[PDB]
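Q: Just one file: final-v4.cif, with mmCIF, C-alpha atoms and all ligand atoms.
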```cif
data_model
#
loop_
_atom_site.group_PDB
_atom_site.id
_atom_site.type_symbol
_atom_site.label_atom_id
_atom_site.label_comp_id
_atom_site.auth_asym_id
_atom_site.auth_seq_id
_atom_site.Cartn_x
_atom_site.Cartn_y
_atom_site.Cartn_z
ATOM 1 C CA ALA A 1 220.008 254.762 153.494
ATOM 2 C CA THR A 2 223.276 256.605 152.927
ATOM 3 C CA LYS A 3 222.320 257.553 149.308
ATOM 4 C CA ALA A 4 219.844 259.749 147.438
ATOM 5 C CA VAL A 5 219.939 261.475 144.018
ATOM 6 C CA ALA A 6 218.195 264.596 142.625
ATOM 7 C CA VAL A 7 217.566 265.021 138.883
ATOM 8 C CA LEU A 8 217.523 268.807 138.462
ATOM 9 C CA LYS A 9 215.789 269.832 135.203
ATOM 10 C CA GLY A 10 213.529 272.568 133.839
ATOM 11 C CA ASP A 11 212.246 274.038 130.578
ATOM 12 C CA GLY A 12 215.719 275.434 129.893
ATOM 13 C CA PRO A 13 218.649 273.183 128.858
ATOM 14 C CA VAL A 14 219.928 273.472 132.471
ATOM 15 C CA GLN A 15 219.789 269.953 133.923
ATOM 16 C CA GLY A 16 221.881 268.382 136.667
ATOM 17 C CA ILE A 17 222.439 265.229 138.671
ATOM 18 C CA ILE A 18 222.993 265.838 142.391
ATOM 19 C CA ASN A 19 224.095 262.898 144.582
ATOM 20 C CA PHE A 20 223.977 262.664 148.387
ATOM 21 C CA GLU A 21 226.023 260.197 150.529
ATOM 22 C CA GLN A 22 225.573 260.232 154.343
ATOM 23 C CA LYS A 23 228.376 257.918 155.535
ATOM 24 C CA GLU A 24 226.708 257.704 159.009
ATOM 25 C CA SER A 25 223.345 258.609 160.665
ATOM 26 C CA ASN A 26 224.354 261.887 162.332
ATOM 27 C CA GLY A 27 227.419 262.452 160.107
ATOM 28 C CA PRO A 28 227.584 265.188 157.452
ATOM 29 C CA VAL A 29 225.893 264.609 154.096
ATOM 30 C CA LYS A 30 228.424 264.676 151.269
ATOM 31 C CA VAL A 31 226.686 266.383 148.354
ATOM 32 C CA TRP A 32 228.264 266.186 144.915
ATOM 33 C CA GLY A 33 226.794 266.821 141.501
ATOM 34 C CA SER A 34 227.023 268.294 138.035
ATOM 35 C CA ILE A 35 224.635 270.853 136.526
ATOM 36 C CA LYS A 36 224.962 271.362 132.777
ATOM 37 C CA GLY A 37 223.588 274.163 130.601
ATOM 38 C CA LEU A 38 223.499 277.373 132.709
ATOM 39 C CA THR A 39 225.659 280.494 132.216
ATOM 40 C CA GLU A 40 229.119 280.591 133.849
ATOM 41 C CA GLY A 41 230.177 282.067 137.209
ATOM 42 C CA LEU A 42 228.282 281.977 140.514
ATOM 43 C CA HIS A 43 224.796 280.370 140.679
ATOM 44 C CA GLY A 44 222.627 280.588 143.806
ATOM 45 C CA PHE A 45 221.944 277.075 145.101
ATOM 46 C CA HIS A 46 219.628 276.001 147.957
ATOM 47 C CA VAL A 47 216.863 273.606 149.143
ATOM 48 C CA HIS A 48 213.196 274.642 148.514
ATOM 49 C CA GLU A 49 209.841 273.219 149.638
ATOM 50 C CA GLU A 50 207.693 271.618 146.871
ATOM 51 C CA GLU A 51 207.501 267.760 146.981
ATOM 52 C CA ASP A 52 204.236 267.666 144.900
ATOM 53 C CA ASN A 53 206.257 267.522 141.694
ATOM 54 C CA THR A 54 203.116 266.265 139.939
ATOM 55 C CA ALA A 55 203.775 267.714 136.492
ATOM 56 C CA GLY A 56 206.935 269.774 136.959
ATOM 57 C CA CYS A 57 208.642 272.415 139.113
ATOM 58 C CA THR A 58 205.979 275.106 138.546
ATOM 59 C CA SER A 59 205.281 276.622 141.962
ATOM 60 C CA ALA A 60 208.509 275.621 143.735
ATOM 61 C CA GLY A 61 208.205 277.386 147.067
ATOM 62 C CA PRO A 62 210.567 279.658 148.965
ATOM 63 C CA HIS A 63 213.507 278.151 150.831
ATOM 64 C CA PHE A 64 212.457 275.439 153.294
ATOM 65 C CA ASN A 65 212.129 277.146 156.710
ATOM 66 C CA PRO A 66 212.164 275.416 160.148
ATOM 67 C CA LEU A 67 210.663 278.259 162.252
ATOM 68 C CA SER A 68 211.693 281.757 161.110
ATOM 69 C CA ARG A 69 215.119 282.873 159.845
ATOM 70 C CA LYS A 70 215.854 285.277 156.981
ATOM 71 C CA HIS A 71 217.816 284.312 153.880
ATOM 72 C CA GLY A 72 221.608 284.076 154.053
ATOM 73 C CA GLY A 73 224.338 281.522 153.255
ATOM 74 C CA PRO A 74 228.028 280.965 154.225
ATOM 75 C CA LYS A 75 228.360 284.446 155.789
ATOM 76 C CA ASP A 76 225.386 284.929 158.137
ATOM 77 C CA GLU A 77 223.609 282.618 160.573
ATOM 78 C CA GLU A 78 220.185 284.108 159.724
ATOM 79 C CA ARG A 79 219.925 281.628 156.820
ATOM 80 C CA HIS A 80 216.741 279.596 156.278
ATOM 81 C CA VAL A 81 218.361 276.120 156.613
ATOM 82 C CA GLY A 82 218.791 274.964 152.995
ATOM 83 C CA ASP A 83 220.802 278.107 152.001
ATOM 84 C CA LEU A 84 224.087 276.684 150.617
ATOM 85 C CA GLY A 85 224.896 280.045 148.980
ATOM 86 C CA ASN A 86 226.186 279.712 145.404
ATOM 87 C CA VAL A 87 228.359 277.461 143.174
ATOM 88 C CA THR A 88 230.685 278.255 140.203
ATOM 89 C CA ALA A 89 230.026 277.162 136.609
ATOM 90 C CA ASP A 90 232.654 276.926 133.852
ATOM 91 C CA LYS A 91 232.290 278.668 130.493
ATOM 92 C CA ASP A 92 230.518 275.630 128.938
ATOM 93 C CA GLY A 93 227.841 276.109 131.598
ATOM 94 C CA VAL A 94 228.926 273.107 133.690
ATOM 95 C CA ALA A 95 228.739 273.625 137.482
ATOM 96 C CA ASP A 96 230.499 270.993 139.583
ATOM 97 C CA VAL A 97 229.523 270.533 143.242
ATOM 98 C CA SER A 98 231.458 268.447 145.810
ATOM 99 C CA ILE A 99 231.124 269.356 149.535
ATOM 100 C CA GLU A 100 229.761 268.038 152.868
ATOM 101 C CA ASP A 101 227.035 269.764 154.906
ATOM 102 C CA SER A 102 226.037 269.276 158.586
ATOM 103 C CA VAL A 103 222.608 270.995 158.379
ATOM 104 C CA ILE A 104 220.546 268.061 156.920
ATOM 105 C CA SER A 105 220.357 264.217 157.037
ATOM 106 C CA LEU A 106 218.844 261.758 154.497
ATOM 107 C CA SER A 107 219.549 258.884 156.903
ATOM 108 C CA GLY A 108 218.426 258.975 160.547
ATOM 109 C CA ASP A 109 215.478 260.738 162.246
ATOM 110 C CA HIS A 110 214.473 263.475 159.769
ATOM 111 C CA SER A 111 215.321 261.439 156.590
ATOM 112 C CA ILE A 112 215.139 264.490 154.220
ATOM 113 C CA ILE A 113 214.007 262.687 151.020
ATOM 114 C CA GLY A 114 211.452 264.378 148.675
ATOM 115 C CA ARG A 115 212.989 267.880 149.113
ATOM 116 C CA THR A 116 213.282 270.074 145.980
ATOM 117 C CA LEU A 117 216.565 271.833 145.240
ATOM 118 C CA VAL A 118 216.383 274.703 142.749
ATOM 119 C CA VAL A 119 219.409 276.053 140.831
ATOM 120 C CA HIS A 120 219.310 279.821 140.281
ATOM 121 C CA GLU A 121 220.719 281.949 137.442
ATOM 122 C CA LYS A 122 222.686 284.629 139.245
ATOM 123 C CA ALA A 123 224.761 284.449 142.395
ATOM 124 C CA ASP A 124 222.993 284.314 145.756
ATOM 125 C CA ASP A 125 223.233 287.889 147.153
ATOM 126 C CA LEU A 126 223.277 286.471 150.765
ATOM 127 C CA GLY A 127 220.035 288.466 151.193
ATOM 128 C CA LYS A 128 221.829 291.842 151.408
ATOM 129 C CA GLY A 129 219.893 293.445 148.489
ATOM 130 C CA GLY A 130 217.408 294.639 151.125
ATOM 131 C CA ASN A 131 214.150 293.673 149.390
ATOM 132 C CA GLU A 132 211.707 290.762 149.761
ATOM 133 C CA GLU A 133 213.462 288.543 147.165
ATOM 134 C CA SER A 134 216.860 289.261 148.783
ATOM 135 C CA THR A 135 215.451 288.187 152.178
ATOM 136 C CA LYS A 136 213.487 285.301 150.514
ATOM 137 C CA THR A 137 215.985 283.971 147.929
ATOM 138 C CA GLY A 138 218.982 286.318 147.764
ATOM 139 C CA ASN A 139 217.691 287.712 144.418
ATOM 140 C CA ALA A 140 219.369 284.712 142.822
ATOM 141 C CA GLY A 141 217.129 284.198 139.756
ATOM 142 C CA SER A 142 213.786 282.827 138.590
ATOM 143 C CA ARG A 143 214.247 279.095 139.365
ATOM 144 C CA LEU A 144 216.147 277.801 136.286
ATOM 145 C CA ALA A 145 216.062 274.044 136.990
ATOM 146 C CA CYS A 146 214.897 271.894 139.909
ATOM 147 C CA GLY A 147 213.697 268.402 140.867
ATOM 148 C CA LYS A 148 213.239 266.239 143.985
ATOM 149 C CA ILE A 149 215.545 264.137 146.194
ATOM 150 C CA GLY A 150 214.818 260.489 145.314
ATOM 151 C CA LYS A 151 216.129 257.726 147.610
ATOM 152 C CA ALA A 152 218.946 255.829 145.841
ATOM 153 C CA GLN A 153 219.866 253.533 148.803
HETATM 154 CU CU CU B 1 217.248 278.173 145.793
HETATM 155 ZN ZN ZN B 2 217.447 281.129 151.925
#
```
What is this file in structure tokens?
A:
Amino acid sequence: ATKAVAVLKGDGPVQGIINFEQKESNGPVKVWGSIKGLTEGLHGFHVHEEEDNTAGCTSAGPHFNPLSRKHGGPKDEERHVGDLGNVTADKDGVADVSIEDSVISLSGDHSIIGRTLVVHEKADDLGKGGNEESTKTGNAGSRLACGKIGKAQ
């Protein structure tokens, strides 16, 4: 219903618990979470396509894409869909997240369970670098930790 969780983890010590609450069917999805064990400062953060998390987040795909849009974030509109941009981490390597998005829904029609977030090392460039990985991921970093959105209720 309203709630889902994503256990971000990888090989690295970076692990995080994301939480989703949709307080309605068409209302925004309040995302909040804590990632623990990355470097400080801005970390690119977005939704990827994977779902077949059979063994682990090996071949986590590019950013989930509805039709065709480049990469972006909270500057451009030519953002894939799951492009949140980037989030700040404290010096201990703890990134807090607490915001509300209108671009997805875990309740109602599309019920976006399963989806694989990936947390990146460096800040999302907003795909301004002007190379494939800028336009694909915003040159954000080689997929530090990731998981899948599991229904909570
Ligand atoms: Cu990403
Ligand atoms: Zn993107």
Q: Quote the spacing between CA of residue 57 (chain A) and CA of residue 122 (chain A) in Å to one decimal place.
A: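 Those two atoms sit 18.6 Å apart.
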Q: Could you give me, as a compact mmCIF listing (two decimals) with C-alpha atoms, keeping the file's coordinate frame, every polymer residue with an atom at most 6 Å away from an atom of ligand ZN 2 (chain B), counting only C-alpha atoms and all ligand atoms?
A:
```txt
# COMPACT_ATOMS: atom_id res chain seq x y z
CA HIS A 63 213.51 278.15 150.83
CA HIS A 71 217.82 284.31 153.88
CA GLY A 72 221.61 284.08 154.05
CA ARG A 79 219.92 281.63 156.82
CA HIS A 80 216.74 279.60 156.28
CA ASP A 83 220.80 278.11 152.00
CA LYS A 136 213.49 285.30 150.51
CA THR A 137 215.98 283.97 147.93
```
Q: On this structure, which residues satisfy the PyMOL selection byres (((not hetatm)) within 10 of (chain B and resi 1)), written as a ChimeraX atom specification?
A: /A:43-49,60-64,82-86,116-121,124,136-146
Q: Give the answer as one residue: which of A:22, A:66, A:115, A:134 has the shortest atom-to-atom distance to residue 8 (chain A), using only C-alpha atoms?
A: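 Checking each of A:22, A:66, A:115, A:134 against residue 8 (chain A), counting only C-alpha atoms, the winner is A:115.
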Q: With distances taken over only C-alpha atoms, which of A:65, A:88, A:54, A:131 is nearest to residue 147 (chain A)?
A: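 Using only C-alpha atoms, residue 147 (chain A) sits closest to A:54.
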Q: The PyMOL selection byres (((chain A and resi 91) around 10) and not hetatm) - which residues does that actually catch in the file I just gave you? List them as a list in words.
A: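 After applying the PyMOL selection byres (((chain A and resi 91) around 10) and not hetatm), what remains is residues 37, 38, 39, 40, 41, 88, 89, 90, 92, 93, 94 and 95 of chain A.
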Q: Include C-alpha atoms and write out the residues we just selected as a short mmCIF file (atom, residue, chain, number, x, y, z; two decimals), keeping the file's coordinate frame.
A:
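Saved as out28.cif:
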```
data_model
loop_
_atom_site.label_atom_id
_atom_site.label_comp_id
_atom_site.auth_asym_id
_atom_site.auth_seq_id
_atom_site.Cartn_x
_atom_site.Cartn_y
_atom_site.Cartn_z
CA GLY A 37 223.59 274.16 130.60
CA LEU A 38 223.50 277.37 132.71
CA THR A 39 225.66 280.49 132.22
CA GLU A 40 229.12 280.59 133.85
CA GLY A 41 230.18 282.07 137.21
CA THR A 88 230.68 278.26 140.20
CA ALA A 89 230.03 277.16 136.61
CA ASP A 90 232.65 276.93 133.85
CA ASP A 92 230.52 275.63 128.94
CA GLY A 93 227.84 276.11 131.60
CA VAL A 94 228.93 273.11 133.69
CA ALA A 95 228.74 273.62 137.48
#
```
Q: What's the 10 Å shell around residue 6 (chain A), counting all atoms listed in the file, without same-chain residues fewer than 5 positions away, as a ChimeraX atom specification?
A: /A:16-20,33,113-117,146-152
Q: Let me make sure I understand: among A:30, A:23, A:128, A:69, which one has the smallest atom-to-atom distance to residue 5 (chain A) if we use all atoms listed in the file?
A: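 Using all atoms listed in the file, the shortest distance to residue 5 (chain A) belongs to A:30.
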Q: Please measure the separation of CA of residue 75 (chain A) and CA of residue 31 (chain A), giving the value in Å to one decimal.
A: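 Straight-line distance from CA of residue 75 (chain A) to CA of residue 31 (chain A) works out to 19.6 Å.
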Q: Given all atoms listed in the file as the basis, pick out the residue of A:42, A:7, A:81, A:1 nearest to residue 103 (chain A).
A: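 Smallest distance to residue 103 (chain A) is found for A:81.
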Q: Near residue 25 (chain A), within 7 Å and counting only C-alpha atoms, which residues show up once chain neighbours fewer than 2 positions away are dropped, as number ranges by chain?
A: A: 22, 27, 107-108
Q: Convert the current residue selection to file output with C-alpha atoms, as a tab-separated table (two decimals), in the coordinates of the input.
A:
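result_12.tsv, written as the output of this step:
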```tsv
chain	number	residue	atom	x	y	z
A	22	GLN	CA	225.57	260.23	154.34
A	27	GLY	CA	227.42	262.45	160.11
A	107	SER	CA	219.55	258.88	156.90
A	108	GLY	CA	218.43	258.98	160.55
```
Q: What is the distance, in Å and to one decimal place, between CA of residue 129 (chain A) and CA of residue 59 (chain A)?
A: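 Spanning CA of residue 129 (chain A) to CA of residue 59 (chain A) is a straight-line distance of 23.2 Å.
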Q: So, counting all atoms listed in the file, which residue among A:133, A:112, A:15, A:127 is closest to residue 51 (chain A)?
A: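 Of A:133, A:112, A:15, A:127, the one nearest residue 51 (chain A), counting all atoms listed in the file, is A:112.
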Q: Go through A:135, A:34, A:105, A:98 and flag the residue nearest residue 73 (chain A), using all atoms listed in the file for the distances.
A: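 Selected residue with least distance to residue 73 (chain A): A:135.
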Q: Kindly resolve the PyMOL selection byres (((chain A and resi 100) around 7) and not hetatm) on the present coordinates and return the residues as a list in words.
A: residues 28, 29, 30, 31, 99, 101 and 102 of chain A
Q: I need the residues from that last selection saved to file as a PDB file, in the coordinates of the input (with C-alpha atoms), if you can.
A:
```pdb
ATOM      1  CA  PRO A  28     227.584 265.188 157.452  1.00  0.00           C
ATOM      2  CA  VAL A  29     225.893 264.609 154.096  1.00  0.00           C
ATOM      3  CA  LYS A  30     228.424 264.676 151.269  1.00  0.00           C
ATOM      4  CA  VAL A  31     226.686 266.383 148.354  1.00  0.00           C
ATOM      5  CA  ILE A  99     231.124 269.356 149.535  1.00  0.00           C
ATOM      6  CA  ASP A 101     227.035 269.764 154.906  1.00  0.00           C
ATOM      7  CA  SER A 102     226.037 269.276 158.586  1.00  0.00           C
TER       8      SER A 102
END
```
